[PDB]
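A quick write-up on the structure given underneath.
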6 protein chains.
Amino acid sequence: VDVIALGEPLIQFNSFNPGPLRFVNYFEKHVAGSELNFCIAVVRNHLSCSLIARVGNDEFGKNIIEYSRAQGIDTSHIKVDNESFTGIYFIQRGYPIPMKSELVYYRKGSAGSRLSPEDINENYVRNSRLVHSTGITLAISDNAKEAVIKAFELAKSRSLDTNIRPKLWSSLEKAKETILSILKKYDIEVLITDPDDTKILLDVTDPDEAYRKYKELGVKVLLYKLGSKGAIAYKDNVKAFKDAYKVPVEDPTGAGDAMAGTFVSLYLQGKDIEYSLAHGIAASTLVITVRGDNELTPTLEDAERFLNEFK
Amino acid sequence: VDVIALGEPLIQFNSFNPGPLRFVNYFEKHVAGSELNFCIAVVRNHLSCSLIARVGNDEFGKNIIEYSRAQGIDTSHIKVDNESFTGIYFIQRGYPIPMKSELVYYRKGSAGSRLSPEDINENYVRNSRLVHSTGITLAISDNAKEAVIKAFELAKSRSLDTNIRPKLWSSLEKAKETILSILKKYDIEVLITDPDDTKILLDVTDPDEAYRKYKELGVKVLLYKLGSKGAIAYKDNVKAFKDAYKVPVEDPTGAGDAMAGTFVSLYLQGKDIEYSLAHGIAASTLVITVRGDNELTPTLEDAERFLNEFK
Amino acid sequence: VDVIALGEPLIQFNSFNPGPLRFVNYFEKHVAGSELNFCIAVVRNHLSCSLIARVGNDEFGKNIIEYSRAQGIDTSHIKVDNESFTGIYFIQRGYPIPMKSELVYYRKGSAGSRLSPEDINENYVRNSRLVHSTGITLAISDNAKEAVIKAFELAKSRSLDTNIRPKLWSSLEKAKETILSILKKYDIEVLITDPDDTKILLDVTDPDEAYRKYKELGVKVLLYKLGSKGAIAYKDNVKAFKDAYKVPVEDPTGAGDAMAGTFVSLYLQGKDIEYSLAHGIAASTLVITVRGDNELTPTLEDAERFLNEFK
Amino acid sequence: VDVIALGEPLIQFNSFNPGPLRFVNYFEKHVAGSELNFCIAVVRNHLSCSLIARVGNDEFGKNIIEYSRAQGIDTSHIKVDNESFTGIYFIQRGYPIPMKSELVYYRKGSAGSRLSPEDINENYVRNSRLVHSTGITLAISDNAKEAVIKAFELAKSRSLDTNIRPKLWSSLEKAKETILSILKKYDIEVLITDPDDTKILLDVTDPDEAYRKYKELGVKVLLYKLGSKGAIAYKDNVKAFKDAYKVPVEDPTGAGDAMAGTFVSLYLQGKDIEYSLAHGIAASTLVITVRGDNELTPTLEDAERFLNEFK
Amino acid sequence: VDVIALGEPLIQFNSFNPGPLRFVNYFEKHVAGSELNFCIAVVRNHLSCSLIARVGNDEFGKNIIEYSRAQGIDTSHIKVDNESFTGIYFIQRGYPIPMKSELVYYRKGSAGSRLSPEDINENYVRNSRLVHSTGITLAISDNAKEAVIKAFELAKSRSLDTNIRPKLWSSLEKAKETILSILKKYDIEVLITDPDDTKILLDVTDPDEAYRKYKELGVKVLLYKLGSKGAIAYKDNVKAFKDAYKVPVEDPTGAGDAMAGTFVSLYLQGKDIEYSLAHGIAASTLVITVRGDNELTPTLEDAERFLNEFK
Amino acid sequence: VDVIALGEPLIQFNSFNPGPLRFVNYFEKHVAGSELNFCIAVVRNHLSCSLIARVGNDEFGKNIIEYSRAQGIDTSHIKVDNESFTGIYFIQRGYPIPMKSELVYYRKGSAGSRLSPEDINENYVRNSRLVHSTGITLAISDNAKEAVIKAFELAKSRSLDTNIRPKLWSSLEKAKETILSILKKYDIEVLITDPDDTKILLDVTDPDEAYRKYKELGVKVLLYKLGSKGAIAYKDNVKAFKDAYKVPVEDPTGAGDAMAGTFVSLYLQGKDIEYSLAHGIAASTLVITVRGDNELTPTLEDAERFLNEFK
Ligand SMILES: Nc1ncnc2c1ncn2[C@@H]1O[C@H](COP(=O)(O)OP(=O)(O)NP(=O)(O)O)[C@@H](O)[C@H]1O
Ligand SMILES: Nc1ncnc2c1ncn2[C@@H]1O[C@H](COP(=O)(O)OP(=O)(O)NP(=O)(O)O)[C@@H](O)[C@H]1O
Ligand SMILES: Nc1ncnc2c1ncn2[C@@H]1O[C@H](COP(=O)(O)OP(=O)(O)NP(=O)(O)O)[C@@H](O)[C@H]1O
Ligand SMILES: Nc1ncnc2c1ncn2[C@@H]1O[C@H](COP(=O)(O)OP(=O)(O)NP(=O)(O)O)[C@@H](O)[C@H]1O
Ligand SMILES: Nc1ncnc2c1ncn2[C@@H]1O[C@H](COP(=O)(O)OP(=O)(O)NP(=O)(O)O)[C@@H](O)[C@H]1O
Ligand SMILES: O=C(O)C(=O)C[C@H](O)[C@H](O)CO
Ligand SMILES: O=C(O)C(=O)C[C@H](O)[C@H](O)CO
């Protein structure tokens, strides 16, 4: 398998319309979770991809495996854990801030949080080209964090999305220290991050300076996401910038995962950072126009159409 | 207040279409929870009713309070608890058994489960006519169980719906020991139960025999629910039976609570057991026709219309 | 035109779900009104049919005109009245009586109620085979009543559905005197009625007795609707009875209209009362399975299929 | 209570989709009416607020009462009137003008319009800090106008939103005389208006000039709404302007109400006009992003978040 | 692989409500086609199953492969055919016959119709335990019929559902002759059929006589479907009857495929005809309660629950 | 009749949500087809308009006729053809290009494609003011192409929208040869086209140059559509340009037809090209805001409101 990702796949319940949850009557279900979204993007760009994860022995767990399998993700290492349930979350859209979303989690002690070093086979990780994970997975439990540590130790190369969700951590200091410690211990082939997380991690928001400090920690490629201002990629003292496109925002949740999975799978295939980046911007632009995270993540050929035709 | 109920109110996510949850795309939100449903039925039959409960300091908790307030439930004693979240559940409908439902809970460690003896004021409880709770509240935590024991000690009179949900107990033996202990300790003015629960508690299913044993336990009035077969009420040496009505079933969830709160509230105001039973059946028939436990619970006058007009 | 009808066409808002209107969030719009439903049945049985009516100079009036035109009703004599609004109503379904509906009208002083003798042209009316109206049109205003009196004076033959809606009259006594007054004055080729109306009008229940007394009033054919118990047609010494079919009921509103239009138009084509009745029953049966009143009114040939195939 | 409002609360039926009503199949029900929307804004900014009004003895009236109660509006003086019906209206969205709405009323002779001096108690009114109403209530009937005259005579302070709806008046000249008559007679602590109304009332457009002429009429604070161009507040020699924010507009209906209730209640709490205005703009901005008028009216603290975070 | 099926998978567009298609506004998409439904039932009973088929190089073709893969069907032999499109059909529900459905096909010259002997690998068919197909596949083109002939020639054992759809054949004679010719050429381990098809094929409707005549053609097991009267299974001069259950019918489409695939996969596993049959009745009962064909097809363990609990 | 259009009207199945069709679950039905959309716009601007077309003897064909009849299109010459089916298509929205759509046709060999010279009566066509068709009708079959050639020979005046859909042609060379041949043969009073089509026909995109070449081909008035850039109209030595308006785009399908039928119908009645152009833009702006090609096409008076009020 080309890419192994470790994480907790989740069921998302997206409010049918904007406003505080107490006034929403209908909820539309999607399959999501940061690494799962990433994996969808990897397969859409024609690399094989496996999600190492746990789900509950329940309908929602089975929904995750079947969906993933439908979309071409290798599910052989998604373990069913009878001891706990499949984690979920709700999205409150556009309140109190228009065009922004807020997540309400029901994932404490979930099957997914029970991801552990025992799930990480040494031969299997070593046969892959790259291992990916995120700061969500580092947050969910000590054993999931240790699973990432073990996979990263065994990996040929690594990618990490910082993805700091302060609600998942006892403190920002803990987030900071946990993520910095991974960056300091391992070379990171592609780091995906943004000004918010980098302020926490490095006390830096400036893109060029971010690259300089992350490069000093052993990061080869920096993908620096700027939201509605676009994104920047850096490799070997070369910068590429691509501006965002103006579209109506339904739900931005998962836009960075579409970008990151697209960027990383194209980069792995030998595409330059300019092309990988423009495709990542294309992927993000499509996903935010709708409620789900990953259904509109384009294939490489569809993303090329987007870039050649969309103005 | 006339009636006090102790319980965990919950947000219900009702599948828009029947079938396994992994194939359901849309969920319709309702406010529910057994004793909440019970309280709705009480106020529909013109007694004041307070729910003693905890909710989270979240949208779903505000939902519960606002909905209760809208429906005329006294919400003075629904406490917002910042330490945890408002419990929720999903309804899977019509699979694997047509016209029945299954519940998937997200309530472990919830705010509602934090209901405790300190939430039970002696002067407030003594001030009421009757105190109601259920085996669900006895199951959700040790402190919620102790809160009911304390409310029952203080009460002028007591109703209990056995409501055994096997998923909420460590074993059926624990359910039996916990519920039997309450029955041996207290007089119960109205006990609401059914064959399934009575099999567990008494190792009998025969209605006459159930009444004989329950009566030895200090049960004055037995409401013995038979689902699509109707229900029987017993008092002293009177036995009243009424058949269920044939209606299309959307979701029978909450049917028992609609019957129980209707029955108890009418019984308390002097109505005989036949009248109370028939209004109970009428309430249950209406609610099972829709998604939603309690919106269709009829007022006294609407249940009379039903009984006079429907065949 | 073969058939002229006088009445008030209306916009119907059905509850998407059963229950008290205060809990209904969605309403589905349909085009209806008793004589409009009747006209749809007439054209489906391959006669030409004109509705004489008023609508407001508003969207809902244009809705009525266009929907009628789409369905092949001659709309030449539906007049736009800029002085008032198109009448509308809401349907509450299945509460407090399952499988039954209640109507909440917003029609007082509507354009439809402004139907008047001046809308009734002598030459136009004399050139049709039959003029139909209902006790609804007799109720809505003094001028609509007078419009029916005038059309009935000029007509070659008449039908009348008694259609007593107690909400539209100041008393049942007022309805009785107004409707008997029509019956006494004119010959009625087809009278459509039922036990409820007949009890008010003639203080009899028994169908055979009803026909004897109606015959004294100048009634040639009696269509006597019995709801879930079927219907009976009488002509001379022929009595025909047909049982209702068991179907899941969504909304019975307009069933009688589909029956009455179907019956009358077949009867006008020389079909005997047995055939006309069976077709009327087929028409009623189909329309009660769904929210709208007239979309499922069968053509002659479709009603024949239903009768041959459905048991 | 801190604030008393007089008006007609209404049931709103919004088109699920944009377009001429004749092509709309689905309508989504919301609870609204100008002074009701205003009351929701008042309570969200943590003052107590009572609506004095009538509703019909019908489902939609119960809907109004329960929704108001759910939202913490004091409903003690919303009277059930068995002699008429609860008024309602429809919203046509985005046709013929995108991002704008048109209202089609069914409210003539409604229970709400039967609001009258006899509903206005001297002691109750004198015991509040402020009485609010609008030019809508002045229009709906002679007695509702008189009810406002009486409440304004007894009040410690008053607010008035001019809210001229040309459909509710026999002429613009009638509106002008009726509303000037109020302004001439009473001191007005907060006047809410806009160029359209001010042009009718004072034959001026320029905001500075408007305030000079309004000040002669006894107006202390002027809130001057400019739609997509923002709003201006005036008090003494303070002028405050705030631009509108760019958001996708679903339905602007009730924006001014959310603004006016927010502004007035903050102003009554000793917030300066700058702060009150910015909060009113935040409230308007949120509610126009969705179908209903008042579900997204922010609390004080949520409006602070919006202001600090949204650009 | 245990079971190979040959057929044309199809996209189904199910009317959201009953009535003639011209009045239906919404269509709900499902993945279906007789053999695909069969394959879902086979995998739900824990045998491996492969669908040999073609789909278009289009979204609907990809929808078929992904859905099938999600549900555990081996899709390695579903070929994408760029020369044509994925076939679809619409279902008109409950008109002109309540509780019955009518299919409108758009499948002429489809990718699926291009199934040919060239798609049938000799080694692959010979490694399987059983090959299944239906009279639909025999109808769709000469080359699909020849594909079935070749697979049946190579198979260890065979199953056939007669599934005569007269719309797909030039005449009933052609259907009859084509199906009889297969029955005469091959032993058939399980034949699934009913009175309608057997009247065409044998001029027999009587179950016991049907068995006798089909046994004389080389059929080992006869599964004889009786709709709302249940179904009968015959093997070695033993009959098993199981009555149907009373449930509300949403859409019966695919009920026989659920039954047949369940029956055949359990029979293959050594279950007796009594058990295989009761499970087939369970599968059919669940699917007809909803719009899709195969989402509610139960697993073996869920079907056991159904049979033990549903009365 | 003033205007005759020749075409294939179609049933549209519009995805309820954006994205790849395999992820869409719900489809909303509309009546569409380019020349049908054109005719709607003609009658909205107060000319009589007949559509010459074939539909199937099926629900979808009856749909088309009834809808056209409802909207005031003369349907005397929409012929029901028992030999084939009514053509349909699906709209995939927002993927892979945001705010654009893609069409998937089910129309090969349709009834509409059977439009032929025999459907074109010489006296009927000569009797009209103008004849319209499009490159779609020229593509669907040889006989439909010949039907347009014949109608154009007979016509007093002609409009043509080039409407090149590459999927409907064997090659772009065939489109170019077929359309160029019509242009060289006939005077064209209004030609509607755009850069994409003009690139194919003339190997130019520059608007001024396009007009120069088209004018040599006997085009009197050129309508040159620029999508989100607006449109230009040319006549003699006048050039009128109007920008597009910024609105949220749901589906731009049919926008060109709304503009074309509006423009042509207004031009025919004496309006100058600026007025006709501006009303065209107004019509197109409205339709792109919803699913559905033609429901929001404005009347003359509504487009004036739009132009006077919208910014
Ligand atoms: N408002 C917007 N308008 C246009 N494009 C946007 C907008 N917001 C986000 N994007 C796109 O989203 C890309 C990545 O967004 P970003 O906020 O960095 O990821 P994120 O916060 O990681 N999302 P998530 O996956 O929930 O963690 C940007 O580079 C844009 O291409
Ligand atoms: N299939 C049915 N048909 C008609 N009435 C029914 C049916 N099922 C239940 N009821 C009615 O509901 C009443 C309560 O039955 P029951 O199903 O035992 O309660 P329950 O569902 O256990 N309630 P709950 O604990 O509140 O989820 C019965 O006495 C009937 O009046
Ligand atoms: N519950 C039902 N079940 C089956 N068929 C029914 C049912 N109700 C009505 N019908 C059929 O409808 C026919 C007409 O019924 P009826 O109740 O007299 O109409 P109605 O009251 O005049 N309806 P309306 O058109 O709204 O005035 C009956 O004779 C039956 O064929
Ligand atoms: N199109 C818009 N875009 C952004 N903000 C808007 C828009 N329209 C209104 N607003 C906001 O709403 C505020 C109030 O607008 P306004 O149009 O004066 O209300 P209104 O006409 O009184 N509405 P109503 O409550 O139905 O009477 C404005 O000052 C803006 O903050
Ligand atoms: N009205 C009904 N009520 C209850 N069960 C039914 C009803 N109709 C069908 N069934 C069930 O469906 C089973 C098989 O139905 P049947 O009509 O033989 O298959 P079919 O016509 O092949 N369906 P299809 O898959 O579209 O080809 C029966 O044995 C019943 O278990
Ligand atoms: O299981 C629970 O706790 C519930 O609250 C579910 C339902 O609301 C109720 O119990 C049905 O009786
Ligand atoms: O492509 C076609 O033939 C259509 O009819 C699609 C649209 O209705 C129309 O062409 C859009 O211009």
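Hydrogens, waters and symmetry mates are skipped; everything else that's a heavy atom, side chains included, is used. Letters A, B, ... are given to chains in the order of the sequence lines, protein chains preceding strands, and every chain is numbered from 1.
For chain A, no part of D:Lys311 is nearby; none of its heavy atoms comes within less than 4.5 Å. Using a 4.5 Å cut-off between heavy atoms, D:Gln71 touches chain A through its side chain atoms alone. For chain D, no part of A:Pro248 is nearby; none of its heavy atoms comes within less than 4.5 Å. At a 4.5 Å heavy-atom cutoff, the contact between D:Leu296 and chain A is made by backbone and side-chain atoms alike.
The shortest distance between side-chain heavy atoms of A:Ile40 and A:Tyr67 falls below 4.5 Å. A:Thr193 is listed as a side-chain neighbour of A:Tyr224, based on a closest heavy-atom distance under 4.5 Å.
Between A:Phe241 and A:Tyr211, the gap from one ring centroid to the other reaches at least 6.0 Å. The aromatic ring centres of D:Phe90 and D:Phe27 sit less than 6.0 Å apart.
Contact count against chain A (heavy-atom pairs under 4.5 Å) is highest for D:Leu286 among D:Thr289, D:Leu286, D:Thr285.
Note: A:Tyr245 and A:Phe306 have perpendicular aromatic rings, judged against thresholds of 30 and 60 degrees for the angle between ring planes.
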